[PDB]
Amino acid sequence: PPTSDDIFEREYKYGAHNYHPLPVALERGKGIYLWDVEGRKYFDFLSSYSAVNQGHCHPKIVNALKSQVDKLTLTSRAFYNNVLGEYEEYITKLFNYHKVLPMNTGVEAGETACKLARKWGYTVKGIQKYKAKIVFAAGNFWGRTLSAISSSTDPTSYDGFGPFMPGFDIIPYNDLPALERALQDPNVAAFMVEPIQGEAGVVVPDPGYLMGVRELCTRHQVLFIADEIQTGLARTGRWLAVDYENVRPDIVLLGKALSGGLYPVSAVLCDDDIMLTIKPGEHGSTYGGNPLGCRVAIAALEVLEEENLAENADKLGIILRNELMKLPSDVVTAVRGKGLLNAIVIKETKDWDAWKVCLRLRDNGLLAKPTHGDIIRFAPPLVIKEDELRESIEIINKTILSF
């Protein structure tokens, strides 16, 4: 039986070094808990970047996969499968959009959104071909494709990865005057923005920012693209993080928790006047819309609905942030977030940083990832209960004040 150090050394020898994970080798997961190969038990306070909002191996999602895998898993889109239309009707009625375009990973949904915005910009808005612009916010993250890192302001994402995709403008985040200035270019076809910036360090914009984006985009006839791949599906306390200001984006991107972690499923939602600019043969994906991922996506959505995970994430997130703000200011310098998507800012020194705090948190039974050496994210599964949350808060307080 391989030990933890045996697992690390194997991946180091046979796997690419594109990651430096926290040294812990998990083998089992259920609900909010993870178990390493030595049997130790941990609070999962990362949730695989909100991909297991429903908890690890939720039985209802597991049973949908097990039932469908015996029947049919992949026909490709050259033919019809019987499950896709069921999932399509369900999700478009749920979020109240005309249609959905199914993909697999989150960056594939973002690529589809950029392609929809350009095609709509040329064939509907009438922009001169191949001058269409898409505006992004600084600190944005929507994948690791060449196009995704082309709009990135993070040097680690784009440094050394070749000439970059043109047609992408970058403005500061949480800045309405900068968006107004950017939207003066009549070649702008879309503004793609996260309601909360996850990988940037759980950056929450000021109240009214989302209404301002919706108003500005409407006034200049520009597509409002909301990337809810991380913020959506009850993680911030609502079905969509844009529900906190009640704005209707033109294009909504879903993913991650869309399958509870059991299958790579993403989705792109918009109305007919945007969706139907793409004709047959002009876009798609091999596994996109396969019957297996559709069954787990139907079940993963039903778990969020019938277990009221959005409400639980809302009231539990207020407890988490309030308890975190009691830590001394000379240790944590900021606590922010919405619902169960939160982060703390560490007064980093030369000797003490967020990585060491996470190593000690692991020692005390709580797993979390640092995002920038002074930021630590706390995002547990939404099925957590108040007592389990308070137990984890005890682990956080003890670890933080033990330095």
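The numbering used is simple: start at 1 and walk along the sequence shown.
Visitor: Mean C-alpha B-factor higher for 332-340, or for 346-354?
Guide: The deposited B-factors put 346-354 ahead on the C-alpha mean.
Visitor: So 153-161 or 318-326, which one's hotter by mean CA B-factor in the entry?
Guide: It is 318-326.
Visitor: For the CA B factor values reported in this entry, which option in 111, 250, 227, 311 has the top one?
Guide: Highest C-alpha B-factor among the listed residues goes to 311.
Visitor: Taking the Cα B-factors listed in the entry, which of 194, 175, 169, 307 comes out highest?
Guide: Going by the entry's C-alpha B-factors, 307 comes out highest.
Visitor: Where does residue 256 sit by CA temperature factor within its chain: lowest, middle or highest third?
Guide: It falls in the middle third of the chain.
Visitor: Sorting by Cα B-factor within the chain, modelled residues only, which third would residue 276 end up in: lowest, middle or highest?
Guide: Middle third.
Visitor: Relative to the other modelled residues of the same chain, rank the CA B-factor of residue 182 and answer lowest, middle or highest third.
Guide: Lowest third of the chain for residue 182's C-alpha B-factor.
Visitor: Within this chain, which third does the Cα B-factor at residue 72 fall in: lowest, middle or highest?
Guide: For residue 72, whose C-alpha B-factor we compare with every modelled residue in the chain, the answer is the highest third.
Visitor: Divide the modelled residues of the chain into thirds by Cα B-factor and specify which third, lowest, middle or highest, holds residue 145.
Guide: Lowest third.
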